[PDB]
Amino acid sequence: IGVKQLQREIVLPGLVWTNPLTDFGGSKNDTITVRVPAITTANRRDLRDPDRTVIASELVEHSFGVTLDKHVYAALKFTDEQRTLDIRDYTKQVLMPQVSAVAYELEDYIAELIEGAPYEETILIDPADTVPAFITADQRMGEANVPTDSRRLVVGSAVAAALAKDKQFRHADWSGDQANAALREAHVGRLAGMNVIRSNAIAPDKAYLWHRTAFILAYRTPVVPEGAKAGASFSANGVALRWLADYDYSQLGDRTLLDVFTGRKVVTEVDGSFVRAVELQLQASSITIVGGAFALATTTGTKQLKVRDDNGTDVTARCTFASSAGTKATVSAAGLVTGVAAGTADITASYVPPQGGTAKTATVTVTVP
Amino acid sequence: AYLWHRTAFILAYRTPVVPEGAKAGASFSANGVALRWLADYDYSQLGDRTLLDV
Amino acid sequence: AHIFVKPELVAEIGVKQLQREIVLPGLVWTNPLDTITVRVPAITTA
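- The PDB entry annotates chain C as Major Capsid Protein (gp8) of Mycolicibacterium smegmatis MC2 155.
- Per the PDB header, the entry is named "Cryo-EM structure of Mycobacteriophage Douge genome-packed vertex (gp8 and gp113)".

- As recorded by the PDB entry, chain B carries the name Major Capsid Protein (gp8) and is attributed to Mycolicibacterium smegmatis MC2 155.

Now the structure itself:
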């Protein structure tokens, strides 16, 4: 009646360098070789030197390859036994979910590209004062002579929450914003010269700053084969896709496929050091378990634990779980606890903070009925 | 070298009809002999197939 | 010394594989049709 499933929002595809070069089909191995102009070095002699020779400099221009190497598709197999009496409107019950699925897959592709880049080091964000971390991020990317324009800053939900909670932005006297956009709203627009963009695709407690020429996305719409009954050019997030439906008679079920060809590249420098983007991670100091002490439904009951640090990030996947009394109940490595006997047990969750040192410890009590 | 009257070698040709499970395409023809052109995408192999025949 | 980045150019100059000239189809009787029967007439003697 209007209740829709909760789904993410698309920010990342518009914030990367998409299709600077297109003719991938004209090159061997589908690799286009981008060249970089050469630079040289001068030399210094001494006046009136008896030695009258000159050191000859050299002009060497490097290059790197961009390749199409992935084929993102969403394939649906529904039989004509369900097409004419189950789906009422095709263009809103199957086509739109398929397009949204491909769009989210492309966003995840870009997010893996951003997070998977070979960052040399991570800049720590102190939750008490977050501005020094971002100014340091701006400073690291200025020592590499990266241009000051076309820089994008994408923060996770946790970093945005910490920015709003920061007294540098929350207190009007400490920020000069005599409207407290960080108090009346939770928004912190401009920061250290960088426009903050909130996102959920990236890890919740991380932020990424990158120049426009740091990541390259290449897209190609597969050409619709002449041998297909259907065929369209649905567009998702400004990236056209190929939709192809074939009425296969192998099992009397028509199949559909919505696909595109994708390629990613990180623009490393000539010395193989990545300096056109930096990453920041929110610093953590303690962890707790939501729900506190609880009780299972049965003696063999199962409950999925959930650990949150002081920042509020779900750190369940990054914790090691131990049971004080495994004879009554045990806990999986993923946080799920199963009781094996009635009685009390103590569960310890350990999380190494993202700055090194002794891991934080959170202890909870589980009463298996 | 062969010397033959016109009514001495007869060749009969037929252009097949396009099946239901494939498209039609163009109307190519050999030297007078018309030809049938097909196209049938193979979803199971993600590939397309084409055929001229008579 | 100096190193340059260049693309392997590919060009077409009109050199093509040599193919036979088609002559025979056209000189042989042809009919666009499962089968066709002929109707040779009958001769007699006086």
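Things to note about the overall build of chain B
For step 1, the next point in the chain: Along the backbone of chain B there are zero helices and three strands.
For step 2, the next point in the chain: From first element to last, N terminus to C terminus, chain B shows the α and β order β-β-β.
For step 3, the next point in the chain: For 54 residues, the compact-globule formula gives about 10 Å, and the C-alpha radius of gyration of chain B, at 16 Å, lies well above that figure.
For step 4, the next point in the chain: Dimensions of chain B, computed from the C-alpha atoms along their principal axes, are close to 50 × 20 × 15 Å.
For step 5, the next point in the chain: In chain B, which comprises 54 residues, the share counted as buried stands at 20%.

Points about the pairing of strand 13 (residues 242-246) of chain A
Residue and element names in this part refer to chain A.
For step 1, the next point in the chain: Within strand 13, five of the five residues are buried, which leaves it mostly tucked inside the rest of the structure.
For step 2, the next point in the chain: A two-sided burial pattern is seen for strand 13, the buried positions comprising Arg242, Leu244 and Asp246 on one face and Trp243 and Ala245 on the other.
For step 3, the next point in the chain: Here five bridges tie strand 13 to strand 14 (residues 255-266), and the two strands are oriented antiparallel to one another. Bridge pairing in strand 14 places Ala245 opposite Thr256.

Concerning the interface of chain A and chain C
For step 1, the next point in the chain: Contacts between chain A and chain C engage nine residues on the former and six residues on the latter.
For step 2, the next point in the chain: Taking both partners together, chain A and chain C bury about 640 Å²; carbon and sulfur atoms supply 53% of that area.
For step 3, the next point in the chain: Connecting chain A to chain C are one salt bridge.
For step 4, the next point in the chain: A salt bridge links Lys28(A) to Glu8(C); the shortest N-O distance between them is 3.5 Å.
For step 5, the next point in the chain: Residue classes in the side of chain A that touches chain C are distributed as two nonpolar, three polar and four charged.

Observations regarding the sheet that holds strand 9 (residues 206-211) of chain A
Residue and element names in this part refer to chain A.
For step 1, the next point in the chain: In spatial order, the strands read 5-15-9-6-8-7; together these six strands make up an open sheet with mixed pairing. Looking at which strands have only one partner, the edges of the open sheet turn out to be strand 5 (122-125) and strand 7 (190-191).
For step 2, the next point in the chain: Bridge analysis of strand 6 (residues 151-155) against strand 9 gives five bridges, and the strand direction is antiparallel. Across the sheet, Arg151 pairs through a bridge with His211, a residue of strand 9.
For step 3, the next point in the chain: Where helix 4 (residues 131-143) meets the sheet, its contacts fall on strand 5, strand 6, strand 7, strand 8 (194-198), strand 9 and strand 15 (277-282), and the angle it forms with strand 5 comes to roughly 160°.
For step 4, the next point in the chain: Packed on one face of the sheet, helix 5 (residues 157-165) meets strand 5, strand 6, strand 7, strand 8, strand 9 and strand 15 and runs near 90° to strand 6.

The rules behind these values
Residues numbered from 1 in each chain as written, not as in the entry; some residues may be left out. Chains lettered and ligands numbered in written order. Part of a larger assembly, values for the part shown. Heavy atoms only, no water. Helix = DSSP H or I, 4+ residues; strand = E, 2+ residues; numbered from the N terminus. Rg over C-alpha atoms; globule rule 2.2 N^0.38 Å. Buried < 20%, exposed > 50% of the residue type's maximum accessible area, 1.4 Å probe, protein only. Pairing = 2+ DSSP bridges. Contact = heavy atoms within 4.5 Å. Buried area = accessible area lost by both parts, 1.4 Å probe. Salt bridge = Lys/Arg side-chain N within 4 Å of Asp/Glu carboxyl O. Nonpolar A, V, L, I, M, F, W, Y, C, P; charged D, E, K, R; others polar. Axes fitted to C-alpha atoms, helices over the stretch in contact; angles between N-to-C directions.

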